[PDB]
Amino acid sequence: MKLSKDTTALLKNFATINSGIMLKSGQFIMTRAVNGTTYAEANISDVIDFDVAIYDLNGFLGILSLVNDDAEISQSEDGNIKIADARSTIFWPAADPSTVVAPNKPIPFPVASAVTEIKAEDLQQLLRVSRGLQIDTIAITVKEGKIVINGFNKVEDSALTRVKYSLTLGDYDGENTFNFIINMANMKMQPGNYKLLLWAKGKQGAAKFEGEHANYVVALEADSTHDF
Amino acid sequence: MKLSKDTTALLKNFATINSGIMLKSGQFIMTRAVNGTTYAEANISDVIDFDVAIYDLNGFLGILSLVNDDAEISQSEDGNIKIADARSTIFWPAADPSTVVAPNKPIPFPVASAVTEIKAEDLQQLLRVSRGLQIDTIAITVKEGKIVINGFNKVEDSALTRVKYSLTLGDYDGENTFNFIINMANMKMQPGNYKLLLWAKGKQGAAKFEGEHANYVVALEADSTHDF
Amino acid sequence: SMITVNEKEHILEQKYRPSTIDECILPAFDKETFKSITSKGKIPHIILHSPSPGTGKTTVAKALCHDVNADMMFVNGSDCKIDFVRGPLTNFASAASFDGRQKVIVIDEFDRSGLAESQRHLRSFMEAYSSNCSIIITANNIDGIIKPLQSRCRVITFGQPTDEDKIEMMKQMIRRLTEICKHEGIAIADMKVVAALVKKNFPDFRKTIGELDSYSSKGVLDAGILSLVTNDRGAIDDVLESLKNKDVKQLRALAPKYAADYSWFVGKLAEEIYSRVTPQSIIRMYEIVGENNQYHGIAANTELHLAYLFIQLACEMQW
Amino acid sequence: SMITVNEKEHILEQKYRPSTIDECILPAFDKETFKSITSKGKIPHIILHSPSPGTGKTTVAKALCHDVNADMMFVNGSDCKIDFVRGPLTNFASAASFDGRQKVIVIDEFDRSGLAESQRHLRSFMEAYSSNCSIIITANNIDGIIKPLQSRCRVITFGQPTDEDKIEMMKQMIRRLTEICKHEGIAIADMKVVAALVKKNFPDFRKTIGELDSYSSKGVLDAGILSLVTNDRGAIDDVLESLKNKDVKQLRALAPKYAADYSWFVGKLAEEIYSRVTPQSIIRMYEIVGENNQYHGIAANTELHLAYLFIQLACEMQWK
Amino acid sequence: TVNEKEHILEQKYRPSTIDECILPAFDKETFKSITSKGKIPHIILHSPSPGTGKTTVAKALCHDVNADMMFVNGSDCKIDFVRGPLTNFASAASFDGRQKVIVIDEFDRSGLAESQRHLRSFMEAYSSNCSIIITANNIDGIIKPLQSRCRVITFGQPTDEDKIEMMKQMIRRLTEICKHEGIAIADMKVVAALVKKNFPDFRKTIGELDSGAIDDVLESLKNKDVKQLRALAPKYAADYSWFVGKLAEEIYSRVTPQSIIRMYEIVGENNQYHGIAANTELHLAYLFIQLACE
Amino acid sequence: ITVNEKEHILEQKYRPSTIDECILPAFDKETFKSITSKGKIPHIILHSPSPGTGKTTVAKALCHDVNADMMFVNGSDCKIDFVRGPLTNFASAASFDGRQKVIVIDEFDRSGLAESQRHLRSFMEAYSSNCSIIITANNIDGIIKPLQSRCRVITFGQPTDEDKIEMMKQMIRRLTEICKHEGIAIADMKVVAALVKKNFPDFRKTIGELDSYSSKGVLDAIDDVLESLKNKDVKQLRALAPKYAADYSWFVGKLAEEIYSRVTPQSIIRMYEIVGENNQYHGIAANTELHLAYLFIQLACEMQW
Amino acid sequence: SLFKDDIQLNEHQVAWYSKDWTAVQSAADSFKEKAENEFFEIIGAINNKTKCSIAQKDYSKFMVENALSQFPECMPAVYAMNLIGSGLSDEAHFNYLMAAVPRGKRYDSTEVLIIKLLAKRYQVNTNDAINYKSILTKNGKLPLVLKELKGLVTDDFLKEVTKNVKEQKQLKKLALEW
DNA sequence: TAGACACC
DNA sequence: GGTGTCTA
Ligand SMILES: Nc1ncnc2c1ncn2[C@@H]1O[C@H](COP(=O)(O)OP(=O)(O)O)[C@@H](O)[C@H]1O
Ligand SMILES: [Mg+2]
Ligand SMILES: [Mg+2]
Ligand SMILES: [Mg+2]
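Looking at the entry header, you'll see X-ray crystallography listed as the method and 3.200 Å as the resolution.

Going by what the PDB entry lists, chain E is known as DNA polymerase accessory protein 44 and is assigned to Enterobacteria phage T4. Anyone opening this PDB entry will find it titled "Structure of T4 Bacteriophage Clamp Loader Bound To Closed Clamp, DNA and ATP Analog and ADP".

Chain C has the name DNA polymerase accessory protein 44 in the PDB entry, where Enterobacteria phage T4 is given as its organism.

A.B. asks: Kindly report on the site of ligand 1, identifying the contributing residues and their values.
C.D. replies: All names here are of chain F. Lining the immediate environment of ligand 1, one finds 16 residues, of which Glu11, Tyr14, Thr53, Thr57 and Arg204 sit closest. One of the backbone N or O atoms of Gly54 is found 2.7 Å from an oxygen atom in ligand 1. Separating an oxygen atom of ligand 1 from a side-chain N or O atom of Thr57 is a distance of 2.2 Å. Residue classes in the shell around ligand 1 are distributed as seven nonpolar, five polar and four charged. Both domains that meet at the shell around ligand 1, namely domain 1 (1-160) and domain 2 (161-226), each give it at least three residues.

A.B. asks: An account of the protein's contact with DNA strand I is needed here, citing residue identities and associated values.
C.D. replies: Taken together, the neighbourhood of DNA strand I is formed by 19 residues, with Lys81, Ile82 and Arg86 of chain D together with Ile79 and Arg83 of chain E sitting nearest. At the protein interface, 100% of the atoms of DNA strand I within 4 Å belong to sugar or phosphate. Within the backbone of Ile82 of chain C, a nitrogen or oxygen atom sits 3.0 Å from a phosphate oxygen of DNA strand I. Contact between DNA strand I and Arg83 of chain E: a phosphate oxygen at 2.7 Å from a side-chain N or O atom of the residue. Split by residue class, the surface near DNA strand I holds three nonpolar, four polar and twelve charged.

A.B. asks: Explain the domain arrangement of chain E to me, using residue names and the numbers behind them.
C.D. replies: Residues and elements named next belong to chain E. Domain annotation of chain E identifies domain 1 (1-159), domain 2 (160-213) and domain 3 (214-294). Relative to domain 2, the C-alpha centre of domain 1 lies at a distance of 26 Å. Facing 20 residues of domain 1, the contacting portion of domain 2 comprises 20 residues. Taken together, the two surfaces of domain 1 and domain 2 that pack against each other cover about 1,800 Å², and 55% of this comes from carbon and sulfur. The largest per-residue losses of area from domain 1 upon contact with domain 2 belong to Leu9, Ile22 and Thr159, which jointly make up 37% of the total buried on that side. Remark: the boundary between domain 1 and domain 2 carries three salt bridges. In this structure, the salt-bridge partner of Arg173 is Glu20, at a minimum N-O distance of 2.6 Å.

Rules used in this analysis
- Residues numbered from 1 in each chain as written, not as in the entry; some residues may be left out.
- Chains lettered and ligands numbered in written order.
- Part of a larger assembly, values for the part shown.
- Heavy atoms only, no water.
- Residues with missing side-chain atoms left out of burial classes, pairs and counts.
- Near = heavy atom within 4 Å.
- Polar contact = N/O pair within 3.5 Å; in protein donor to acceptor, adjacent residues only side chain to side chain.
- Nonpolar A, V, L, I, M, F, W, Y, C, P; charged D, E, K, R; others polar.
- Domains from an automatic or database assignment.
- Contact = heavy atoms within 4.5 Å.
- Buried area = accessible area lost by both parts, 1.4 Å probe.
- Salt bridge = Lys/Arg side-chain N within 4 Å of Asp/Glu carboxyl O.

See the structure below:
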């Protein structure tokens, strides 16, 4: 196999969700935070030709970027990973699958409870502002006929009473109130535009951001409330 | 004296080998790691016109880069260093020679046991990869009629059994086996191309990298084997 | 079969780790108190603490989760520094699951001294999402868990069974060791060697299956191996008898026999002299043995230092 | 033929370090218990503890790995602070045995007091990866290893052989010293000097090959050196006689003579004073000597502390 | 051999080689024996009588083997210092291919106990490149597994033959330096009355020229005063094991028969508990008062 | 009687809101109304020392009663970084309207916090004009001397026999009202005044026990060793020893700590020789479990209290 | 200052308001009691048998021990705390002495530089290094070696001497009087 | 990188 | 005091 600069771009991102990864032969990669709070999946243009577990995925990717693009990754004679360059050969360790957290299967996402979209530069402002205002939790909710995101600093405000930031995604057609709370720490998506599919059944909840490059499902906190 | 951008380039490098330096009037500079495991020497285009010991050579060089190139370094009235600019004057401390470590003389390097070369971008890959794979020891050895460098992580692999990296310098004519082990911590050479001169007598050994700008001699580790 | 086998494991005290809460050998009450938990389906905040290793703490933690079909986060307590608790553990206690699975964080071996701050940070965190996620702590030494934490948990303490419970467990453990031999192809010649393992190191069911691995070197437990199990912690009778008889020749000779492990012997001695001697002599047997034990390792000749104990004891002990 | 010579080593107790588990001189059961391990091919978590140096702990650790063709990480236990356990040891326990070689971490001399925390961190770590990677710990003093860790390991204890085992090991060690002299060009005049080395410092097979190196200064070996080796372990008479005579000048002078081995001497003393003294004085001779022995190693000046015994004894010992 | 720049006689005249040292018969030959093989094992050089110049023998064995040699004050060899400098030193093969030898002087300092244990795996770690030479006053301060990887060599009991011959060597050497240092010899029984005054300790006798009796204490105990005793105690804290021996020796003669039985209980008990005692200086003070009283 | 709903523990859920609803001794109660009337709160340190009297509760309520803008910070939490960022932020960040800013720092007597204390004494010189500080302490000596200067330290505790009588009554009556909301049943009203007596000072302790007993929705620590040493028995001690073998260094510390108070002055000099000698020889001692037994007997013999 | 008729602004306001934390930090530091005054505060309590607690205080087992040993009436308890004193709580070792010694009344750095200096130059222990200071200060007076060996003072070397501004004061002292 | 805490 | 660990 060979990995394009786009695939490694993607992979570096997944690495932020979980430090390792389990790659399986095919055109599909996926990962999930160890704590199961954020899941990512993507189809890639390159074909992965062997099953391998990588323990430090960030390390692996760093190494890759030190070789040419044509560098041919293959299974090592003894089983580890072999990155073979024009004049050089690197060897990276395959990991015992039992030590790397992987999602079981890609569970289909339930048909959406609510649907909206978020623009690439709005998602960026939200993330960026978030560090500055110290917004550690956000709430996708309904106000005045529109879907908005409201940021709160949960350490200084327990109830999510004082709203430090608000962003307006689009108008809302339905009659349902939903206050969907998300933990900033779990918004790991790479910057871009996303269809946003919200879903809830009772105390259960999840939000799936669906991008051009990949998808991300991320848990809504226990304090999320709704009419669904 | 005045120091060109090339000289200070060189000097900054030597600063990585040893934090101080002893500069002696002439066209020749040299330094050695305090622990005696790495030695560097270079002829320079500028002429050093006075004996001076510099305690923090990195600090001195930083200051230099804040002045024009024509800035005239001379001996201070009270003996310290005086960097004199168009409108400005800087004063840097001369160091007691008894506080800074220097080599005695430039010992001629023994005629080489083996000779090869290493290309500037291969030496770069080796250094760079080395931080990523965590290769703390390398071995210049013979395989399949060629001179190769093999990296190993000695903390995780004591014997140097598992080879994390391999780079092929050139074919090998002689019939001798030699396994020359070097400590990554001692490869301080500034990037560029190097004639590589290996030499060994029994348990003794050293490798001299001979570049356009300077030379570096570096000790081979205890485990080194050879029939030379 | 009647025994869970992890089968990816050669190490055998772990090949044989119980998957459920029934397969667990525990005191009568704590088993029912655990049965009770799994039936209701929602697990409270628990501390399982030994101290002595091997009693079932981290097996029971995993089993409670199995049996409840929990969504379980197993975590090395040493790795829980405060940033990890604010980060990933919070990210998890907060998350909405949805498989409809109760979330459980198992913090293993959480009894470290300097994780005190991570601990203070849980006391708020445990109440905040107790709706969503419950915490099972495992520890060898409970004092290393802060009070406010104990206080937020049911503290179930392993390894101190009732004599009635102690008996039943030793019957079940023996029965187990058997079923494990069956599957490992180990032939049992004398059954006495198998019960001697169960009794020898009792509280600890790990070493107990560890000793068993040790002895199958020749794949048989014959009386020839039963001879072995008696000896290591074996009969103190020869000395106990010579102390009664108050003679020296015997004692002087017995001392070098036990020079080898003094730390073990001196323990067995105080143990059996305690019952066999007068109440007044109990207060004294401790001063004598305590003082002796205390100065072992200062003492040049350990064989003699042991002799010095024996005489001292024969003089002042009465029964 | 058989004997293992590392040959990159002059130091000779280490030139001669056994590469396999057979070449190892050990008690009958521990050898079989180790032979047993190597046959199965998968190694359990072991603690090999002496305390007295020289018995084969760190040789057996390496040998077990050799014999299993393990993928071995040898590690100075003093360097295992907790960060090292979290990083490199974890990075290793976790990585995927590919060569198809079982992974073993050997943590040498792991009995340090303040590695207690790295130890507590291992107790989870040892179970987590027990599928993939096993740990061999070597220690002089086992109490410096926490209980939860001993509990996770088979504890094999070196250097306390049975008298039957003790005899067979001293036969094999002598035989070894020979085969080592052969290869080092050392001539053996008396064989008595070679067995005296084996007996003199027995538990410890390092010093034992160490003393031999020491003496080949003018190589080969003679009986003349035998008197250097055995020394004098005989006749307490001079002291026994001075205690009867109850004088000081003699005792004061005799004390420094035996300062060397106090542990041996004090044993011989109680032995012969027991018979030669009154029954009431036997109860006392034990309190006196017991108390003295007990506090040796606390005592600054051992020569004086021995003096303090002698006077104490001449005073209270009353006898014909 | 002189080092003609250096500022201290013991330092300027330090015997370079192993012959030039003033030593016992059996001892010089044993040391010749070692350098003969041209490679040094692990060594413990142990005294216990001071100023017999352990670190001088050591600095010497290294010179006769032509070894690159790292020196460390034992007091200074701390856990991390062993982890980098020593390991930095111990690890690298030397361009000239001598043996690297770490000399650790006076390893019987205290809390160094832990650096001692770090060293057990170390010494086996670099055996080819390296050896260690430990210098101790009291072996019991070197841990037993270290004693086991080491040759224990134990210094000197000059034979009566040694005595005389060493004595002539110490006169013709001392003679020779007063020469080079341009110092006057007014009498030749004043030279030899120095070689005699402090005999086994020459490093001492040369330090006299570059310019003990228990009397001060013995006198203060008679006078039964504290100020003097309190002050004298820290003086002898250094070697307690030696001092306490000298004390019982001279107090035995100078005191009453009944007080002999007591002086032994007091000193015996004190000696016995040294090494338990936190502050050795104070523990010595506690002896002095106890003695002046009884 | 006030309820903070959505609160789990009853001691958190029933938290007297006003200095009036707090149950207190004579002078103590008058003192805080004395304060709450002047409508402004000076620099204060309330110290108990006996716990559960209502330190942190009076503190919060003093804010209430004056309609404070309160910032509530626990002492373990008030850190070299917090004093500089949030604390300063709140002081200098402006609330419009009336509310008076008051920073209640709870349990500020804590071992490592002394730097955070100095940093605040200076803070008080800095920001006092624009806010006011109430620190809470079990042991005042946990507080640096300079905070005990610019702070008025009012000491709780010691109700007069009159007050005891009339406080009990209020905790009995107050215990009824909790159980009314909780759906807990009172089978005996002498059993409720059995608890208001049993631990009398401790008003916080009385409420945790109550949660414990409602299991069936009705009403009916070195301690183990400390208790066995008093009783001077062996069977118990012999058994307790192996329990603490694990961390001896910690345990022996806690032991000397609590035996010091609970025993006679002459026995203090001895308890130290005994424990000191024992601690001293731990690590020499072969069997640590036994060596601990040896301590216990030695202690039961010589200790008297 | 450069604004005349400013208000007041004490040391502490200026610090906290401007947010340089070194002044705030030093502002905290100034308030704390002087080490020497604490060491005196304690010794007198044991003695005159008056109140005080530690743990608000800097405690040297040594100091109390030493300072106490001064009176032969104290010496019995100083001893017990001596043998036994290790591993007692600084707090305990306090309370022993308290209820122990009954009655009451009561009444190097630079050299370290010189010494650790001397041992590093000649490669010898800290034991001869004392005898070396001796053999010189008397004889040869040794400013003259303090002249050659002023050479090695390196800034790194000061940190092994002491932890504070007390070190850079030394830096010069030895650049000075020789 | 220090100081707090804990164990020798 | 030294060493280790953790939080800042
Ligand atoms: N004096 C009191 N009056 C009323 N309730 C009290 C009192 N003291 C304690 N409590 C109960 O304990 C809870 C918290 O008390 P707190 O004041 O923190 O105790 P402490 O005295 O240890 O600070 C309160 O919510 C209350 O129900
Ligand atoms: Mg467990
Ligand atoms: Mg070893
Ligand atoms: Mg409170």
